[PDB]
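A single chain comes next, written as structure tokens; it is the form deposited in one PDB entry.
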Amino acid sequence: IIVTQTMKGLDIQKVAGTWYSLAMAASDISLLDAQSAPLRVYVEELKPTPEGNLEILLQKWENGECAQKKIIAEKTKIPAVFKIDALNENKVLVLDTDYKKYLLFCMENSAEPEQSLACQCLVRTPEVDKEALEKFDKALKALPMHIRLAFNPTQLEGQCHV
């Protein structure tokens, strides 16, 4: 895939704190279709390091339980692009944010041989922000998404979105 738009001027220190996964999309239906699908992950928090790296706290269904997971994303020459250090190295792209209300990012699933891509719309509060959803859909027009999900407030406040 060709991501055609990452964020200019990204100050990663300002995305610290709590977030909620309002909506997600992926290039393959099977990446997101079930609760236990591989890229079905709910971001809880972003913790920038002083070295300019990014810690990502998320929840994920596994073996019928809601599991917390910590991902360390290492900075690169491009400021909106990070590398996840893991058995298969995976990229995380910050597309856009206003720091105070929404953040749009994508992550690839390199354990898939075939090129795969998931993107999320994160908001600061557990409400459906229509303007953030509009910016998400605008950013998605350039991308080959075949599944899109959106969640309601009860799900945002729940564990693993229930």
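Residues that one form lacks are left out of the comparison. In case it trips you up, residue 1 is the first one in the sequence shown, and so on. In this text, the rigid core denotes the largest set of C-alpha atoms whose superposition between the two forms falls within 1.5 Å.
Given the other compared entries that model the residues flanking it, would you say residue 110 is unmodelled in at least one third?
Yes; at least one third of the other entries leave residue 110 out.
Which is higher on mean Cα B factor in this entry, 125-133 or 32-40?
Taking the mean B-factor of the alpha carbons in each, 125-133 is higher.
Taking only the CA atoms, which stretch has the higher mean B-factor in the record, 65-73 or 106-114?
The stretch with the larger mean CA B-factor is 106-114.
Please rank the C-alpha B-factors of the chain's modelled residues and tell me whether residue 17 sits in the lowest, middle or highest third.
Residue 17: CA B-factor falls in the lowest third of its chain.
Tell me, lowest, middle or highest third: where does the Cα B factor of residue 143 rank within its chain?
Tercile = middle for this residue's CA B-factor.
Please rank the C-alpha B-factors of the chain's modelled residues and tell me whether residue 55 sits in the lowest, middle or highest third.
Within its chain, residue 55 is a middle-third residue by C-alpha B-factor, going by the deposited values.
Note that the form deposited in another entry isn't included here; everything after this is about it.
Which of 133, 57, 66, 111 has its C-alpha displaced by 2 Å or more between this form and the one not shown after core superposition?
Everything else stays below 2 Å; the exception is 111.
Against the shown form, C-alpha atoms of residue 20 and residue 89 in the other form: closer or farther, for a change of 3 Å or more?
Closer, not farther.
Which way does the C-alpha gap of residue 87 and residue 25 go in the other form, closer or farther, given it changes by 3 angstroms or more?
So the answer is closer.
With the core superposed, could you pull out the runs of three or more residues whose CA atoms all shift by at least 2 Å between this form and the one not shown?
After superposition, residues 1-5, 85-89, 109-115 shift as runs.
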